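Here is the structure we will look at, set down as structure tokens.
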Amino acid sequence: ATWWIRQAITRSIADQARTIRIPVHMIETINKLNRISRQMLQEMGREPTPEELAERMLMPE
Amino acid sequence: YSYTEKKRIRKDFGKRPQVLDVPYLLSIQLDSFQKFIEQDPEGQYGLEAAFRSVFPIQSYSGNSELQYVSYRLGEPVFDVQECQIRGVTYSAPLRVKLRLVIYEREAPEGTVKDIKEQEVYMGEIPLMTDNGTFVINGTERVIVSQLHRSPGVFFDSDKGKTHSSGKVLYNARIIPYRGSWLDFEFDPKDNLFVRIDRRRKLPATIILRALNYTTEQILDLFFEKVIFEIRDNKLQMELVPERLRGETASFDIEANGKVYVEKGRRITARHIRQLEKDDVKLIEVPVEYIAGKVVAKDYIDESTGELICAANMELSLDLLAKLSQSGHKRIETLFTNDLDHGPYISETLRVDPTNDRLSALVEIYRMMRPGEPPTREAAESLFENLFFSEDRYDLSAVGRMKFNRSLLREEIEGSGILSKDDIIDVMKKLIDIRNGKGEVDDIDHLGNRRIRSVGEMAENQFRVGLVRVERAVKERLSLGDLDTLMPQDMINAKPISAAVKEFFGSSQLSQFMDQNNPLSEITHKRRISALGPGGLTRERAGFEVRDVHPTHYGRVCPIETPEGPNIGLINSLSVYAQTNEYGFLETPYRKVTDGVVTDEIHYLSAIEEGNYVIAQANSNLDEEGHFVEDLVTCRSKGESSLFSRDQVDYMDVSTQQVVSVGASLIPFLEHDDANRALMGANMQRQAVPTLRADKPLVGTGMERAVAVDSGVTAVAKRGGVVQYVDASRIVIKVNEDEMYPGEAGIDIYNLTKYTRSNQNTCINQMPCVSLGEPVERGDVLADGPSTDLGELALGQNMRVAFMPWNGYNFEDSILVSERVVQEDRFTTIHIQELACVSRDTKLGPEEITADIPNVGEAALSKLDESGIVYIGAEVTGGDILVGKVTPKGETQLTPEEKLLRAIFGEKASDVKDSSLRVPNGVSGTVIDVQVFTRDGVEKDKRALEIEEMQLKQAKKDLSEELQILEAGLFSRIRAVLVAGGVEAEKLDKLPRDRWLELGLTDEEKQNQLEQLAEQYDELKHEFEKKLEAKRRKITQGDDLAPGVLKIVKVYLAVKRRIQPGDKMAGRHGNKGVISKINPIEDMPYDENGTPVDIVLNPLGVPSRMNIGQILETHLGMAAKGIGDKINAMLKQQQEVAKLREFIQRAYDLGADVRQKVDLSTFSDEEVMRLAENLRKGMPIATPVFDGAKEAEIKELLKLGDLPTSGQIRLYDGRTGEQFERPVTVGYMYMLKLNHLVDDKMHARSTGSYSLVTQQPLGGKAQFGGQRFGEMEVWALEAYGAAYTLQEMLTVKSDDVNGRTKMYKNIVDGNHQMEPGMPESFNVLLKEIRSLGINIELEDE
């Protein structure tokens, strides 16, 4: 039940909750950037620049 | 005398000796924020307090907890200046040591299962500049202090709520720093009540029932016991005599066989002393008297074990009989007097439906959380967390202090958690105040109002962020892994940084600095608001808050305050005021001991003030210190009267202690109505800094302080002798003794040339020293925008004559000569910023380039190759500043354009122009261009040129820096070397680097030489390392917004001159809109043909009562008069001895003036320099309430051979015939205000239209149209003008077909209207229809 409920909640929070609908996979990629930005933020002490952020997340600038 | 003061001494007419120098005028901001940062070891303030408040965080289980250790502030990436240019917050990183301890849950406290220490980064905190400001997003902001209701308990009482009753009803309120308010109150039937979180009323005693108090304990707490003994005959009552105040004897009181009180009379105080002397213990009481009394405790049937009478129940004959039957021989009742001990708790207990702790808790739950079915644990947790939790409730140190002050308790400190003792004491004192002993508190008292400065609100916001963090930290510690969790993993800087960055940039109390003047700054930083979080609202503020209060005397200015909707809420700190360790304002006072007025100074708050008796600063004193008059005028308990000389406790410090800094600069303040003094203090801030700064001939001596303490000037850090003065830097070589041993001893000040202020004025600095002249610590080296040799100078003084002129000075209008415009003395420089952003569109990137379609080489003549104006190019409205063109797509044209382009064969380009051009009506001179490019976009040619020039100038500046420092250092080496070995040939011909290893006699010589060899090492390391640092910063990319490729900022510099419409004013609240620039030959002229610069109306003074402007005028004419004497002595080349005689005669003039300047100690050069500086008029100081008197003004006017009446014979300029009766002429100091008609004039025929309503609203260049409000619609309806109205509703505003059709009709030359229906109407129809309501238009 936990597995299915979390699925439904986190998929609806992506289908809705945005005025300009973002597709689900793009939402996941945005959240990847947010997590990686947090960890790089605390590692470096500065918000990472998109060069370093691209290097970490393994996809082009 | 000081060096910057020996060159122009202002003659001082003050008489009272000054005994306390004014404090540093910005100490509130600096001290507050330094508390917010600097590391407190013990007495928690600021960041340490916030951390110790939230940390440690224990997990929900107890298996592990997150622990705090320390914090450290990193160095800011860029300095204040770099942040201004780049447009980025000037902050510093916060780095917190943290510990994660993990315990084992099997072992009891197996602490060492995991220890994990790691420094974590949480948030950046902005730093304060050296002048009390923050550089947030490149703009300089100030956070103003706040005046709020100090935490604690306040007993108030509203009068005539139930106006029919007319009965005052009381209330007590507990206001914690953080947490839930607790409000006790009465109701018209004397019923106590509690209102938790402004919820419904609850019988007050219910709260006691939630605290383990049974009715017996409640009545043991709140009432007083009366003992009844059933002493074998008719209810013998033990009597306490003092309880017998103010009563009527309903039965005859007889003891010891003696009848004391005769029945039917009032018990008198003589009777009470009778009973006390007779030591009466016991009186017989009739059994009918007990039918009203109420039983105290709960009496059971001890014969059998059952209950008889419930507690707090009224005894009767039958109940009394039953109690007597069960062996009960002692009875307790409650003393409920209608006068002194009312039955308040008894009646409330009686109306209380609850009977035990659980039911009271349930009632609390149902009031707080209506609808939710309460439980045991839920109710218990809710009530405990209300006030008895240290996390959801803090009264704070100030709160606990003010609480115990309003509870007469002895200990200042305590705990932030409410106790039972505290609620009991609050209830008891509210009951007292209802009875009559004690009295309410007033909220406006400045001992009940507190100042929360920037450090403290910043601390509060940081703690809120830390709570946001602790939530998720707990969530992660409870559930998540343990051994693979470093502290850095589980913290997020976003929640903390967001909180702090919202306060410093978007708080109501965080606001753009007013930078119109040095005074406007320094009085924005001393502001004290009563708004924002935890303050009031400008529309729900009362009257009692706005009006002055007797405790404002010396703490807050009575005069200075905005006169709009913020009349009393916003107000300015007084001159000498300070803040206690608890945030309460306090003011200095000289102690008085044995009549002698001592020299030692005590700061008294607003409460420890009241009980003393404080003399005034006007009261005369002798050499010893004793008063002269017997009945000194003093004030005590908040009201003033006449007291003896030995009855006096304290004295004021200076006569300027009651005024603020801006009202302390008005001369002759005491001669102006406080309405005009208010207006003058308010306008004196908006004075625009003119082209050349000219001292005020009459000031109040406070100008020097306001100028040096604003940081608008460059004050010397250390003494020394100026080495190199330039228009943009002053290099001063420090004295020998002021020089620290290891460093070169060269101070370099880089004056800030023409730079925009927040208000688009010019912040410019000008050296006021000369090459090779000595300077001491604190000496002004560089004037500011609006200073003059170190003295503030907001405006300029000119010849005013008070007289009407042919209707050109009617109703506050000002007639200004043309010799004032020719001399460019009210000409102000206005720097302006224009920005062009190149953005990525869906049609492609936008390009900044010279080639612009549909524009000839004419406009492009001023753009360079890359499409950006040259520096120095004089542009005018419409000229292109940068050429930006955007990709454009298919433009749907009409068949006729199709034919046109297919006939002349001219298809328009696929690239539209969006070039930045000067806004219309503006001229100017481009003085600076800044180009910002992303990190990853190629730099166009001009960006490279700018980068090269800035890099080269930076390298050369650093080279000159180190060259000068090491030249002074080689001078130091030579100076030490002439001691212990003087070498001529070998020592000089070597390059100065020939001491890196060479040695001489072992003394301090070779010690310093080895020191400077290490300096060679690490200062070469310095030079190249940080020079590469600046090179990197210069060439590094910029964090532009997403979608912005490059930004170009162009900086015009307009030079605005006086014209009809520009508002001018004076220091005495006398505004004026210049009406005519009158030719020089038409001004009224004096008998020596010298005309009059400004002609002001004499009808402005009488009804406004700003008589100061008259006195100032006379005094001005005296001052200038003296200058003319000196002028005629310097132009006739008279000996220094003649000038010294006259100048000395001119200083020692007053009655018994405080100042004495002796020119015998001046060298003849110093006298000649002083005379050179005085030849424009001898400046005069007139302290605020210690001014110069007409006797002295007229002695001065006689010194300069002027009419002692101060009022001369003016001839008319046009007809050449004398004005019939004498006119008053003298030099008044005028200020050009910020209301430049250039910025206020606006017009519109057609332009932008809003999106939804389809009605006029531009603003970028052509602004929105004039609003034609409801009142004007009424006016046109009144006139009967239906057609003007109809066109102002339809075709001028909303009717779309109408507006365009009627533009076409006007162009045709046909003036006619074809009006339809406004857009806003049928927008309304749609909006009403979308509420499911069918509104239509019943057609014909």
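Scheme for the structure tokens: letters A, B, ... for chains in order shown; per-chain residue numbers from 1; ligand numbers from 1 in order shown.
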Please provide the set of residues having any atom within 7 Å of region 31-44 of chain A, restricted to only C-alpha atoms, with same-chain residues fewer than 6 positions apart removed, written as a PyMOL selection string.
chain B and resi 120-121+492
If we count only C-alpha atoms and set the cut-off at 8 Å, which residues sit around region 1007-1014 of chain B, ignoring sequence neighbours fewer than 5 positions away in its own chain? Please answer as a VMD selection string.
chain B and resid 742 973 995 to 997 1002
Those same residues - N, CA and C atoms - I'd like them written as a PDB file, in the first residue's frame.
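Done, and the output landed in selection_38.pdb:
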```pdb
ATOM      1  N   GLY B 742      55.461  47.273  11.759  1.00  0.00           N
ATOM      2  CA  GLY B 742      55.782  46.461  10.602  1.00  0.00           C
ATOM      3  C   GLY B 742      55.352  47.022   9.264  1.00  0.00           C
ATOM      4  N   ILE B 973      63.641  52.343   6.241  1.00  0.00           N
ATOM      5  CA  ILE B 973      64.913  51.630   6.308  1.00  0.00           C
ATOM      6  C   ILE B 973      66.070  52.617   6.387  1.00  0.00           C
ATOM      7  N   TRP B 995      68.948  44.500   0.479  1.00  0.00           N
ATOM      8  CA  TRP B 995      68.973  44.205   1.903  1.00  0.00           C
ATOM      9  C   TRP B 995      68.321  42.866   2.212  1.00  0.00           C
ATOM     10  N   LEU B 996      67.957  42.083   1.191  1.00  0.00           N
ATOM     11  CA  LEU B 996      67.238  40.830   1.402  1.00  0.00           C
ATOM     12  C   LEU B 996      68.062  39.831   2.202  1.00  0.00           C
ATOM     13  N   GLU B 997      69.389  39.897   2.095  1.00  0.00           N
ATOM     14  CA  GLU B 997      70.271  39.041   2.872  1.00  0.00           C
ATOM     15  C   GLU B 997      71.446  39.771   3.503  1.00  0.00           C
ATOM     16  N   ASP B1002      74.058  44.291  14.668  1.00  0.00           N
ATOM     17  CA  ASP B1002      72.870  43.667  15.250  1.00  0.00           C
ATOM     18  C   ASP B1002      72.242  44.620  16.258  1.00  0.00           C
TER      19      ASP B1002
END
```
For region 3-17 of chain A, work out the shell of residues within 12 Å, counting only C-alpha atoms and skipping chain neighbours fewer than 2 positions away, then give it as a count of residues only.
13
Contact set, chain B to chain A: 10 Å, only C-alpha atoms, as a list in words:
residues 93, 94, 95, 119, 120, 121, 122, 123, 124, 488, 489, 490, 491, 492, 493, 494, 935, 936 and 1039 of chain B
Same residues, C-alpha atoms, saved as an mmCIF file, in the first residue's frame:
```cif
data_model
loop_
_atom_site.group_PDB
_atom_site.id
_atom_site.type_symbol
_atom_site.label_atom_id
_atom_site.label_comp_id
_atom_site.auth_asym_id
_atom_site.auth_seq_id
_atom_site.Cartn_x
_atom_site.Cartn_y
_atom_site.Cartn_z
ATOM 1 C CA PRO B 93 29.150 32.769 4.551
ATOM 2 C CA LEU B 94 28.088 31.157 7.803
ATOM 3 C CA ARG B 95 29.938 27.958 8.695
ATOM 4 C CA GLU B 119 31.646 21.922 9.472
ATOM 5 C CA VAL B 120 28.444 22.637 7.524
ATOM 6 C CA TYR B 121 27.450 25.636 5.430
ATOM 7 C CA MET B 122 24.080 27.136 6.314
ATOM 8 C CA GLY B 123 23.041 30.399 4.739
ATOM 9 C CA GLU B 124 24.816 33.636 3.984
ATOM 10 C CA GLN B 488 26.479 18.029 6.250
ATOM 11 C CA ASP B 489 24.162 15.546 4.546
ATOM 12 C CA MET B 490 21.075 16.367 6.583
ATOM 13 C CA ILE B 491 21.175 20.213 6.579
ATOM 14 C CA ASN B 492 19.693 22.404 3.777
ATOM 15 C CA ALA B 493 20.939 26.026 3.416
ATOM 16 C CA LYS B 494 17.831 27.025 1.336
ATOM 17 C CA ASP B 935 30.304 32.945 -18.553
ATOM 18 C CA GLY B 936 30.221 31.133 -21.871
ATOM 19 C CA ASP B 1039 25.619 35.223 -12.755
#
```
I need the alpha helix (DSSP H) residues of region 793-909 of chain B per DSSP on the backbone, written as a PyMOL selection string.
chain B and resi 819-822+857-860+895-903
What lies within 9 Å of region 1070-1085 of chain B using only C-alpha atoms, ignoring chain neighbours under 4 positions off, as a PyMOL selection string?
chain B and resi 676+679-680+683+801+808-809+811-821+1058-1066+1089-1095+1100-1101+1104+1106+1109+1209-1216+1219
Tell me, which residues of region 672-814 of chain B carry DSSP strand (DSSP E or B), written as a ChimeraX atom specification?
/B:672,698-699,714-715,720-725,730-734,746-749,755-756,762-763,766-767,774-775,780-783,787-788,791-792,796-802,813-814
Give me a file of those residues, with C-alpha atoms, as a PDB file, in the first residue's frame.
```pdb
ATOM      1  CA  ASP B 672       8.980  79.073  15.053  1.00  0.00           C
ATOM      2  CA  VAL B 698      23.836  80.865  10.285  1.00  0.00           C
ATOM      3  CA  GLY B 699      23.843  77.298  11.491  1.00  0.00           C
ATOM      4  CA  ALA B 714      36.723  61.087   3.946  1.00  0.00           C
ATOM      5  CA  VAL B 715      38.021  61.436   7.501  1.00  0.00           C
ATOM      6  CA  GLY B 720      50.344  62.662   9.249  1.00  0.00           C
ATOM      7  CA  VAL B 721      51.317  65.018   6.458  1.00  0.00           C
ATOM      8  CA  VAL B 722      49.632  64.863   3.072  1.00  0.00           C
ATOM      9  CA  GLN B 723      51.883  63.252   0.479  1.00  0.00           C
ATOM     10  CA  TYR B 724      49.853  63.500  -2.716  1.00  0.00           C
ATOM     11  CA  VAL B 725      46.488  65.144  -3.342  1.00  0.00           C
ATOM     12  CA  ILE B 730      44.648  61.455  -1.207  1.00  0.00           C
ATOM     13  CA  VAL B 731      47.821  59.723  -0.080  1.00  0.00           C
ATOM     14  CA  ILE B 732      48.778  60.771   3.433  1.00  0.00           C
ATOM     15  CA  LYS B 733      52.034  59.794   5.083  1.00  0.00           C
ATOM     16  CA  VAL B 734      51.384  58.899   8.707  1.00  0.00           C
ATOM     17  CA  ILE B 746      50.843  55.282   4.103  1.00  0.00           C
ATOM     18  CA  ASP B 747      47.096  55.797   4.094  1.00  0.00           C
ATOM     19  CA  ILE B 748      45.440  55.941   0.685  1.00  0.00           C
ATOM     20  CA  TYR B 749      41.924  57.326   0.302  1.00  0.00           C
ATOM     21  CA  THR B 755      28.329  58.096  -8.848  1.00  0.00           C
ATOM     22  CA  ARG B 756      24.583  57.644  -8.889  1.00  0.00           C
ATOM     23  CA  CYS B 762      25.478  62.677  -7.785  1.00  0.00           C
ATOM     24  CA  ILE B 763      27.652  61.306  -4.979  1.00  0.00           C
ATOM     25  CA  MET B 766      36.399  66.572  -3.560  1.00  0.00           C
ATOM     26  CA  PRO B 767      39.704  66.813  -1.680  1.00  0.00           C
ATOM     27  CA  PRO B 774      49.720  68.404   8.134  1.00  0.00           C
ATOM     28  CA  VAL B 775      46.550  66.478   9.091  1.00  0.00           C
ATOM     29  CA  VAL B 780      38.049  65.844   6.927  1.00  0.00           C
ATOM     30  CA  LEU B 781      40.244  65.217   3.871  1.00  0.00           C
ATOM     31  CA  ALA B 782      37.468  65.135   1.272  1.00  0.00           C
ATOM     32  CA  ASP B 783      34.143  66.913   1.145  1.00  0.00           C
ATOM     33  CA  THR B 787      29.446  69.295   2.701  1.00  0.00           C
ATOM     34  CA  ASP B 788      31.787  72.285   2.677  1.00  0.00           C
ATOM     35  CA  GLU B 791      30.307  71.308   7.618  1.00  0.00           C
ATOM     36  CA  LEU B 792      27.017  70.153   6.180  1.00  0.00           C
ATOM     37  CA  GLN B 796      22.974  78.078  -0.522  1.00  0.00           C
ATOM     38  CA  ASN B 797      22.514  81.490   1.132  1.00  0.00           C
ATOM     39  CA  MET B 798      21.399  84.512  -0.981  1.00  0.00           C
ATOM     40  CA  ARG B 799      20.005  88.075  -0.620  1.00  0.00           C
ATOM     41  CA  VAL B 800      16.323  87.772   0.310  1.00  0.00           C
ATOM     42  CA  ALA B 801      14.157  90.865   0.565  1.00  0.00           C
ATOM     43  CA  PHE B 802      10.753  90.499   2.177  1.00  0.00           C
ATOM     44  CA  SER B 813       5.516  81.741  -5.048  1.00  0.00           C
ATOM     45  CA  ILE B 814       9.214  82.806  -5.128  1.00  0.00           C
TER      46      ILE B 814
END
```
Hey, what's within 7 Å of region 1180-1193 of chain B if we count only C-alpha atoms and toss same-chain stuff fewer than 6 positions away? As a count of residues only, please?
22
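Using only C-alpha atoms for every distance, the candidate list B:241, B:719, B:282, B:650 yields B:241 as the residue closest to residue 267 (chain B).
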